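The data block below is my_file.cif; it holds mmCIF, C-alpha atoms.
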```cif
data_input
#
loop_
_atom_site.label_atom_id
_atom_site.label_comp_id
_atom_site.auth_asym_id
_atom_site.auth_seq_id
_atom_site.Cartn_x
_atom_site.Cartn_y
_atom_site.Cartn_z
CA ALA A 4 4.15 -14.93 -19.39
CA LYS A 5 4.48 -11.47 -21.00
CA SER A 6 3.97 -13.32 -24.31
CA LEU A 7 0.76 -15.38 -24.30
CA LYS A 8 -0.31 -12.31 -22.21
CA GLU A 9 0.74 -8.65 -22.54
CA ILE A 10 1.83 -8.81 -26.19
CA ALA A 11 -1.42 -10.55 -27.04
CA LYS A 12 -3.27 -7.91 -25.04
CA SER A 13 -1.66 -5.17 -27.16
CA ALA A 14 -2.58 -7.07 -30.36
CA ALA A 15 -6.18 -7.43 -29.28
CA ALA A 16 -6.30 -3.74 -28.39
CA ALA A 17 -4.87 -2.83 -31.86
CA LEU A 18 -7.70 -4.87 -33.36
CA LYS A 19 -10.23 -2.98 -31.36
CA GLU A 20 -8.89 0.26 -32.64
CA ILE A 21 -8.90 -1.15 -36.19
CA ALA A 22 -12.56 -1.89 -35.76
CA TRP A 23 -13.30 1.62 -34.45
CA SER A 24 -11.54 3.21 -37.39
CA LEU A 25 -13.24 1.01 -39.88
CA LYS A 26 -16.66 1.99 -38.42
CA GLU A 27 -15.65 5.63 -38.80
CA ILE A 28 -14.65 4.97 -42.41
CA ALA A 29 -18.00 3.17 -43.03
CA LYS A 30 -19.84 6.11 -41.46
CA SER A 31 -17.93 8.58 -43.68
CA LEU A 32 -18.60 6.66 -46.82
CA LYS A 33 -22.36 6.58 -45.96
CA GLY A 34 -22.13 10.44 -45.83
CA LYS B 5 8.97 -23.26 -30.14
CA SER B 6 7.95 -19.88 -28.74
CA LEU B 7 5.21 -17.74 -30.11
CA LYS B 8 6.51 -14.70 -28.16
CA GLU B 9 8.74 -13.43 -31.04
CA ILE B 10 6.06 -13.99 -33.67
CA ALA B 11 3.25 -12.53 -31.58
CA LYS B 12 5.37 -9.44 -30.94
CA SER B 13 5.84 -8.95 -34.72
CA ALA B 14 2.11 -9.51 -35.30
CA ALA B 15 1.17 -7.01 -32.62
CA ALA B 16 3.57 -4.47 -34.05
CA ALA B 17 2.05 -4.91 -37.51
CA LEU B 18 -1.46 -4.58 -36.15
CA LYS B 19 -0.51 -1.30 -34.46
CA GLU B 20 0.80 0.02 -37.73
CA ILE B 21 -2.43 -1.17 -39.40
CA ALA B 22 -4.40 0.69 -36.73
CA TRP B 23 -2.42 3.86 -37.31
CA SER B 24 -2.85 3.80 -41.04
CA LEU B 25 -6.55 3.15 -40.81
CA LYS B 26 -7.01 6.08 -38.39
CA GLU B 27 -5.23 8.26 -40.91
CA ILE B 28 -7.53 6.98 -43.64
CA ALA B 29 -10.58 7.64 -41.44
CA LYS B 30 -9.27 11.18 -40.77
CA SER B 31 -8.72 11.80 -44.48
CA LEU B 32 -12.18 10.64 -45.38
CA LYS B 33 -13.69 12.96 -42.77
CA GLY B 34 -12.12 15.76 -44.87
CA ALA C 4 2.35 -28.35 -31.14
CA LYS C 5 5.12 -25.83 -32.09
CA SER C 6 4.39 -25.92 -35.83
CA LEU C 7 1.82 -23.32 -34.73
CA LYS C 8 5.05 -21.23 -34.53
CA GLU C 9 5.39 -21.60 -38.35
CA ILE C 10 1.71 -20.86 -39.11
CA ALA C 11 1.75 -17.84 -36.81
CA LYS C 12 4.92 -16.74 -38.61
CA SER C 13 3.07 -16.85 -41.95
CA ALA C 14 0.17 -14.89 -40.40
CA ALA C 15 2.52 -12.23 -39.10
CA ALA C 16 4.16 -12.05 -42.53
CA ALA C 17 0.77 -11.44 -44.13
CA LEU C 18 0.01 -8.76 -41.55
CA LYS C 19 3.22 -6.98 -42.47
CA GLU C 20 2.21 -6.97 -46.10
CA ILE C 21 -1.24 -5.70 -45.06
CA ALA C 22 0.40 -2.92 -43.06
CA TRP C 23 2.52 -1.90 -46.01
CA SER C 24 -0.35 -1.73 -48.40
CA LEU C 25 -2.36 0.27 -45.94
CA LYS C 26 0.46 2.81 -45.69
CA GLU C 27 0.32 3.24 -49.43
CA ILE C 28 -3.46 3.54 -49.33
CA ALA C 29 -3.26 6.17 -46.57
CA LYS C 30 -0.66 8.08 -48.60
CA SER C 31 -2.91 7.99 -51.67
CA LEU C 32 -5.92 9.15 -49.75
CA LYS C 33 -4.07 11.88 -47.82
CA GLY D 1 -5.61 -24.52 -24.85
CA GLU D 2 -6.04 -28.11 -26.13
CA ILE D 3 -5.36 -27.54 -29.80
CA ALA D 4 -6.44 -31.23 -29.93
CA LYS D 5 -5.72 -31.17 -33.72
CA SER D 6 -8.11 -28.32 -34.55
CA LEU D 7 -6.49 -25.07 -33.42
CA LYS D 8 -3.59 -25.73 -35.86
CA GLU D 9 -6.14 -26.10 -38.74
CA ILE D 10 -8.15 -23.03 -37.64
CA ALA D 11 -4.95 -21.02 -37.34
CA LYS D 12 -4.05 -22.28 -40.80
CA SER D 13 -7.38 -21.00 -42.18
CA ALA D 14 -6.82 -17.64 -40.43
CA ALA D 15 -3.38 -17.34 -41.97
CA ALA D 16 -4.86 -18.27 -45.36
CA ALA D 17 -7.51 -15.55 -44.95
CA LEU D 18 -4.88 -12.98 -44.09
CA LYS D 19 -2.94 -13.87 -47.20
CA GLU D 20 -6.01 -13.29 -49.31
CA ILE D 21 -6.74 -10.01 -47.48
CA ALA D 22 -3.13 -8.92 -48.23
CA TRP D 23 -3.68 -9.61 -51.92
CA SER D 24 -6.82 -7.67 -52.11
CA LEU D 25 -5.30 -4.75 -50.27
CA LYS D 26 -2.46 -4.61 -52.79
CA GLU D 27 -5.06 -4.38 -55.53
CA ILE D 28 -6.91 -1.69 -53.71
CA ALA D 29 -3.63 0.28 -53.13
CA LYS D 30 -2.98 0.04 -56.86
CA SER D 31 -6.49 1.23 -57.67
CA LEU D 32 -6.24 4.18 -55.38
CA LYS D 33 -2.82 5.30 -56.73
CA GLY D 34 -5.00 6.45 -59.57
CA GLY E 1 -11.21 -28.71 -20.38
CA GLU E 2 -13.65 -25.74 -20.32
CA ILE E 3 -10.88 -23.60 -21.80
CA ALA E 4 -9.94 -26.01 -24.61
CA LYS E 5 -13.66 -26.14 -25.61
CA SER E 6 -13.74 -22.34 -25.43
CA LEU E 7 -10.85 -21.90 -27.87
CA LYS E 8 -12.80 -24.44 -29.95
CA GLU E 9 -15.60 -21.82 -30.18
CA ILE E 10 -13.39 -18.72 -30.27
CA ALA E 11 -10.94 -19.80 -32.94
CA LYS E 12 -13.85 -20.84 -35.12
CA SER E 13 -15.49 -17.40 -34.68
CA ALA E 14 -12.24 -15.68 -35.56
CA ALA E 15 -11.75 -17.82 -38.65
CA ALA E 16 -15.32 -17.21 -39.75
CA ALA E 17 -14.85 -13.45 -39.34
CA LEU E 18 -11.62 -13.49 -41.30
CA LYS E 19 -13.35 -15.29 -44.14
CA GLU E 20 -16.02 -12.65 -44.23
CA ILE E 21 -13.38 -9.94 -44.09
CA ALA E 22 -11.52 -11.50 -47.01
CA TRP E 23 -14.66 -11.67 -49.02
CA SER E 24 -15.72 -8.13 -48.43
CA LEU E 25 -12.25 -6.93 -49.34
CA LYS E 26 -12.50 -8.77 -52.67
CA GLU E 27 -15.72 -7.00 -53.32
CA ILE E 28 -14.22 -3.66 -52.34
CA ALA E 29 -11.23 -4.29 -54.67
CA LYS E 30 -13.64 -5.17 -57.49
CA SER E 31 -15.63 -1.98 -56.82
CA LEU E 32 -12.55 0.21 -56.74
CA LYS E 33 -11.32 -1.27 -60.07
CA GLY E 34 -14.42 0.47 -61.41
CA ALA F 4 -3.94 -19.93 -20.35
CA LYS F 5 -7.50 -19.03 -19.23
CA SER F 6 -6.65 -15.38 -19.92
CA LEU F 7 -5.00 -16.09 -23.30
CA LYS F 8 -8.50 -17.45 -24.02
CA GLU F 9 -10.06 -14.13 -22.83
CA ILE F 10 -7.71 -12.08 -25.02
CA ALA F 11 -8.41 -14.37 -27.97
CA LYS F 12 -12.10 -13.84 -27.27
CA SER F 13 -11.62 -10.03 -27.39
CA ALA F 14 -9.70 -10.35 -30.65
CA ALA F 15 -12.42 -12.51 -32.15
CA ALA F 16 -15.06 -10.02 -31.08
CA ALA F 17 -13.11 -7.20 -32.76
CA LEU F 18 -12.72 -9.25 -35.93
CA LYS F 19 -16.47 -9.70 -36.04
CA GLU F 20 -16.97 -5.96 -35.88
CA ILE F 21 -14.32 -5.44 -38.54
CA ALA F 22 -16.23 -7.81 -40.80
CA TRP F 23 -19.51 -5.98 -40.20
CA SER F 24 -17.95 -2.60 -40.93
CA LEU F 25 -16.37 -3.90 -44.06
CA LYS F 26 -19.72 -5.18 -45.36
CA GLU F 27 -21.09 -1.68 -44.91
CA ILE F 28 -18.10 -0.19 -46.68
CA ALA F 29 -18.50 -2.69 -49.54
CA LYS F 30 -22.21 -1.77 -49.76
CA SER F 31 -21.31 1.93 -49.94
CA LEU F 32 -18.74 1.37 -52.62
CA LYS F 33 -21.05 -0.88 -54.74
CA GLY F 34 -22.10 2.16 -56.89
#
```

Final structure tokens representation of the file:
Amino acid sequence: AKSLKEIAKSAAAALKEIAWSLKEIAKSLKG
Amino acid sequence: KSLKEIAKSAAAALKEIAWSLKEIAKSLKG
Amino acid sequence: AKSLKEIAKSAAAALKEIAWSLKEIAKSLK
Amino acid sequence: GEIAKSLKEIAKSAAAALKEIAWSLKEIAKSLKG
Amino acid sequence: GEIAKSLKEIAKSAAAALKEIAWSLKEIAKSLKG
Amino acid sequence: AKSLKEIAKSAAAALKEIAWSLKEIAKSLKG
């Protein structure tokens, strides 16, 4: 399946980038 | 039922969420 | 089993609202 | 994959959390508008 | 199966995280109100 | 099926980091 897989892989990856950006926001607001 | 349709819309939203948050992170680095 | 379709639909709907608000937040911060 | 009852109720609580997160983000967007 | 019992643990961790996320966003919305 | 589980695991791990970042952001915004 390109559904249970492939789409879900892109979702998971978007979440990973969400987490990276939120850490960069947290770091800036420590600043 | 399929999830494929739904999971596609979710993934697309999460990519837009990712983009906006990178823009927020960039603005707060300014 | 495939009522998870309907729950996942409501999740995806919330993610779309999240995405929209984040666009407005990014615009305000930019 | 065995939902075995639970995964539907966990997925329900996830969806419920996302609805609350959407509400709070609307409030934050409002606050930041000024 | 292994897997089923995995999604037992995983879906629970996700749900727990989303609850924390919702709560911190409430606190952030409160802080940005003033 | 097994890999849907591994994707869901990656998502869950990212959501945990998102929660941790957000607690640091909430701490920074507290005053």

*Run the PyMOL selection byres ((chain D and resi 1) around 6) mentally over the shown coordinates, then write out the matched residues as a list in words, using the chain letters and numbers from the document.*
residues 2 and 3 of chain D; 4 of chain E

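Atom CA of residue D:24 is found 5.8 Å from atom CA of residue E:26.
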
*Could you list the residues in chain E lying within 12 Å of chain C, using all atoms listed in the file, and format the result as a list in words?*
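Every residue of chain E that passes the 12 Å test is in residues 18, 22 and 25 of chain E.
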
Determine, for each residue of chain F having at least one atom at most 8 Å from an atom of chain A, the closest pair of atoms and their separation in Å to one decimal, counting all atoms listed in the file; order by chain and ascending number, as a tab-separated table.
```
residue	atom	partner	partner_atom	distance
F:4	CA	A:7	CA	7.6
F:6	CA	A:8	CA	7.4
F:7	CA	A:7	CA	5.9
F:10	CA	A:12	CA	6.1
F:11	CA	A:15	CA	7.4
F:13	CA	A:15	CA	6.3
F:14	CA	A:15	CA	4.8
F:17	CA	A:19	CA	5.3
F:18	CA	A:18	CA	7.1
F:20	CA	A:22	CA	6.0
F:21	CA	A:22	CA	4.8
F:24	CA	A:26	CA	5.4
F:25	CA	A:25	CA	7.2
F:27	CA	A:29	CA	6.1
F:28	CA	A:29	CA	5.0
F:31	CA	A:33	CA	6.2
F:32	CA	A:32	CA	7.9
```

Convert the current residue selection to file output with C-alpha atoms, as a tab-separated table (two decimals), in the coordinates of the input.
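Ended up saving to result25.tsv:
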```
chain	number	residue	atom	x	y	z
F	4	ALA	CA	-3.94	-19.93	-20.35
F	6	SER	CA	-6.65	-15.38	-19.92
F	7	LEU	CA	-5.00	-16.09	-23.30
F	10	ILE	CA	-7.71	-12.08	-25.02
F	11	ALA	CA	-8.41	-14.37	-27.97
F	13	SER	CA	-11.62	-10.03	-27.39
F	14	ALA	CA	-9.70	-10.35	-30.65
F	17	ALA	CA	-13.11	-7.20	-32.76
F	18	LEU	CA	-12.72	-9.25	-35.93
F	20	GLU	CA	-16.97	-5.96	-35.88
F	21	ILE	CA	-14.32	-5.44	-38.54
F	24	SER	CA	-17.95	-2.60	-40.93
F	25	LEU	CA	-16.37	-3.90	-44.06
F	27	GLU	CA	-21.09	-1.68	-44.91
F	28	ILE	CA	-18.10	-0.19	-46.68
F	31	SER	CA	-21.31	1.93	-49.94
F	32	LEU	CA	-18.74	1.37	-52.62
```

*Ground truth for the PyMOL selection byres ((chain D) within 7 of (chain E)), written as a list in words*: residues 1, 2, 7, 10, 13, 14, 17, 20, 21, 24, 27, 28 and 31 of chain D

Both chains have the same sequence, so match all Cα atoms in order, fit chain A onto chain F by least squares, and return it as an mmCIF file with C-alpha atoms, in the coordinates of the input.
```
data_model
loop_
_atom_site.group_PDB
_atom_site.id
_atom_site.type_symbol
_atom_site.label_atom_id
_atom_site.label_comp_id
_atom_site.auth_asym_id
_atom_site.auth_seq_id
_atom_site.Cartn_x
_atom_site.Cartn_y
_atom_site.Cartn_z
ATOM 1 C CA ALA A 4 -6.334 -19.080 -18.616
ATOM 2 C CA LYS A 5 -7.710 -15.557 -19.225
ATOM 3 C CA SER A 6 -5.020 -15.327 -21.936
ATOM 4 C CA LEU A 7 -5.286 -18.191 -24.440
ATOM 5 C CA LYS A 8 -9.011 -17.548 -23.636
ATOM 6 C CA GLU A 9 -10.802 -14.266 -22.841
ATOM 7 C CA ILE A 10 -8.263 -11.945 -24.486
ATOM 8 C CA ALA A 11 -8.331 -14.129 -27.574
ATOM 9 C CA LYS A 12 -12.121 -14.080 -27.435
ATOM 10 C CA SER A 13 -12.078 -10.261 -27.483
ATOM 11 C CA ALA A 14 -9.624 -10.300 -30.428
ATOM 12 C CA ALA A 15 -11.803 -12.675 -32.395
ATOM 13 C CA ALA A 16 -14.845 -10.529 -31.649
ATOM 14 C CA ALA A 17 -12.954 -7.384 -32.852
ATOM 15 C CA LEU A 18 -12.266 -9.256 -36.083
ATOM 16 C CA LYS A 19 -15.897 -10.041 -36.497
ATOM 17 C CA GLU A 20 -16.765 -6.427 -36.150
ATOM 18 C CA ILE A 21 -13.994 -5.535 -38.624
ATOM 19 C CA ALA A 22 -15.612 -7.860 -41.095
ATOM 20 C CA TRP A 23 -19.069 -6.334 -40.539
ATOM 21 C CA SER A 24 -17.742 -2.842 -41.099
ATOM 22 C CA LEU A 25 -15.850 -3.815 -44.166
ATOM 23 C CA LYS A 26 -19.047 -5.346 -45.658
ATOM 24 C CA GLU A 27 -20.819 -2.069 -44.928
ATOM 25 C CA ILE A 28 -18.005 -0.171 -46.645
ATOM 26 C CA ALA A 29 -18.201 -2.566 -49.658
ATOM 27 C CA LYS A 30 -21.973 -2.062 -49.779
ATOM 28 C CA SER A 31 -21.537 1.743 -49.690
ATOM 29 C CA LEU A 32 -18.970 1.762 -52.411
ATOM 30 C CA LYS A 33 -21.311 -0.358 -54.625
ATOM 31 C CA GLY A 34 -23.901 2.471 -54.117
#
```

_For a test of reading the model, state the distance in Å between atom CA of residue B:16 and atom CA of residue A:5, rounded to one decimal._
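These two atoms are separated by 14.8 Å.
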
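Matched residue by residue, the Cα atoms of chain D sit on those of chain E with an RMSD of 2.1 Å after a least-squares fit.
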
How close does chain B get to chain A? List, as a tab-separated table, each residue of chain B within 7 Å, its nearest atom pair and the distance in Å to one decimal, counting only C-alpha atoms.
```
residue	atom	partner	partner_atom	distance
B:8	CA	A:6	CA	4.8
B:11	CA	A:10	CA	6.7
B:12	CA	A:10	CA	6.0
B:15	CA	A:14	CA	4.4
B:18	CA	A:17	CA	5.8
B:19	CA	A:17	CA	5.3
B:22	CA	A:21	CA	4.9
B:25	CA	A:24	CA	6.0
B:26	CA	A:24	CA	5.5
B:29	CA	A:28	CA	5.0
B:32	CA	A:31	CA	6.3
B:33	CA	A:31	CA	6.2
```

*Select residues of chain B: the criterion is any atom within 8 Å of an atom of chain C, counting all atoms listed in the file; output as a count of residues only.*
17

As lines of an AutoDock Vina configuration file, please report the centre and edge lengths, rounded to one decimal in Å, of the axis-aligned box that holds all listed atoms of stretch 6-22 of chain A with 3 Å of padding on each of the six sides.
```
center_x = -4.3
center_y = -7.6
center_z = -29.2
size_x = 22.5
size_y = 21.6
size_z = 20.0
```

Just add N, CA and C atoms to stretch 7-33 of chain C and send it as a tab-separated table (two decimals), keeping the file's coordinate frame.
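Resulting contents of result_19.tsv:
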```tsv
chain	number	residue	atom	x	y	z
C	7	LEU	N	2.58	-24.54	-34.89
C	7	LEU	CA	1.82	-23.32	-34.73
C	7	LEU	C	2.75	-22.10	-34.75
C	8	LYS	N	4.01	-22.23	-34.29
C	8	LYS	CA	5.05	-21.23	-34.53
C	8	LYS	C	5.12	-20.86	-36.02
C	9	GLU	N	5.20	-21.85	-36.92
C	9	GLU	CA	5.39	-21.60	-38.35
C	9	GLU	C	4.15	-21.01	-39.04
C	10	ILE	N	2.96	-21.38	-38.57
C	10	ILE	CA	1.71	-20.86	-39.11
C	10	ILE	C	1.57	-19.40	-38.67
C	11	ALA	N	1.82	-19.16	-37.38
C	11	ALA	CA	1.75	-17.84	-36.81
C	11	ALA	C	2.79	-16.94	-37.43
C	12	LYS	N	3.95	-17.48	-37.80
C	12	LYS	CA	4.92	-16.74	-38.61
C	12	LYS	C	4.33	-16.31	-39.96
C	13	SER	N	3.62	-17.21	-40.65
C	13	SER	CA	3.07	-16.85	-41.95
C	13	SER	C	1.93	-15.80	-41.79
C	14	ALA	N	1.18	-15.89	-40.70
C	14	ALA	CA	0.17	-14.89	-40.40
C	14	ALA	C	0.79	-13.53	-40.21
C	15	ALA	N	1.79	-13.48	-39.35
C	15	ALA	CA	2.52	-12.23	-39.10
C	15	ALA	C	3.15	-11.68	-40.38
C	16	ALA	N	3.66	-12.52	-41.24
C	16	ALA	CA	4.16	-12.05	-42.53
C	16	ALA	C	3.04	-11.42	-43.38
C	17	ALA	N	1.85	-12.01	-43.33
C	17	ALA	CA	0.77	-11.44	-44.13
C	17	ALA	C	0.36	-10.09	-43.52
C	18	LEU	N	0.41	-9.99	-42.20
C	18	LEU	CA	0.01	-8.76	-41.55
C	18	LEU	C	0.97	-7.65	-41.89
C	19	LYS	N	2.25	-7.98	-42.04
C	19	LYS	CA	3.22	-6.98	-42.47
C	19	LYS	C	2.95	-6.52	-43.87
C	20	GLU	N	2.57	-7.44	-44.77
C	20	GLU	CA	2.21	-6.97	-46.10
C	20	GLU	C	0.95	-6.09	-46.06
C	21	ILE	N	-0.02	-6.50	-45.21
C	21	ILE	CA	-1.24	-5.70	-45.06
C	21	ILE	C	-0.87	-4.28	-44.59
C	22	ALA	N	-0.04	-4.23	-43.58
C	22	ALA	CA	0.40	-2.92	-43.06
C	22	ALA	C	1.04	-2.06	-44.10
C	23	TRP	N	1.85	-2.69	-44.98
C	23	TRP	CA	2.52	-1.90	-46.01
C	23	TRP	C	1.55	-1.36	-46.99
C	24	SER	N	0.62	-2.23	-47.47
C	24	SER	CA	-0.35	-1.73	-48.40
C	24	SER	C	-1.19	-0.64	-47.80
C	25	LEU	N	-1.57	-0.79	-46.55
C	25	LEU	CA	-2.36	0.27	-45.94
C	25	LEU	C	-1.64	1.61	-45.85
C	26	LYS	N	-0.34	1.58	-45.61
C	26	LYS	CA	0.46	2.81	-45.69
C	26	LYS	C	0.36	3.49	-47.05
C	27	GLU	N	0.48	2.67	-48.10
C	27	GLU	CA	0.32	3.24	-49.43
C	27	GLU	C	-1.08	3.77	-49.68
C	28	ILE	N	-2.12	3.02	-49.20
C	28	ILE	CA	-3.46	3.54	-49.33
C	28	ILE	C	-3.63	4.85	-48.58
C	29	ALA	N	-3.17	4.92	-47.33
C	29	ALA	CA	-3.26	6.17	-46.57
C	29	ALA	C	-2.58	7.32	-47.29
C	30	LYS	N	-1.38	7.06	-47.83
C	30	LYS	CA	-0.66	8.08	-48.60
C	30	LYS	C	-1.50	8.51	-49.78
C	31	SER	N	-2.13	7.60	-50.52
C	31	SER	CA	-2.91	7.99	-51.67
C	31	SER	C	-4.12	8.78	-51.26
C	32	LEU	N	-4.69	8.46	-50.12
C	32	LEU	CA	-5.92	9.15	-49.75
C	32	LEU	C	-5.61	10.51	-49.15
C	33	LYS	N	-4.36	10.72	-48.67
C	33	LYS	CA	-4.07	11.88	-47.82
C	33	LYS	C	-4.05	13.21	-48.61
```
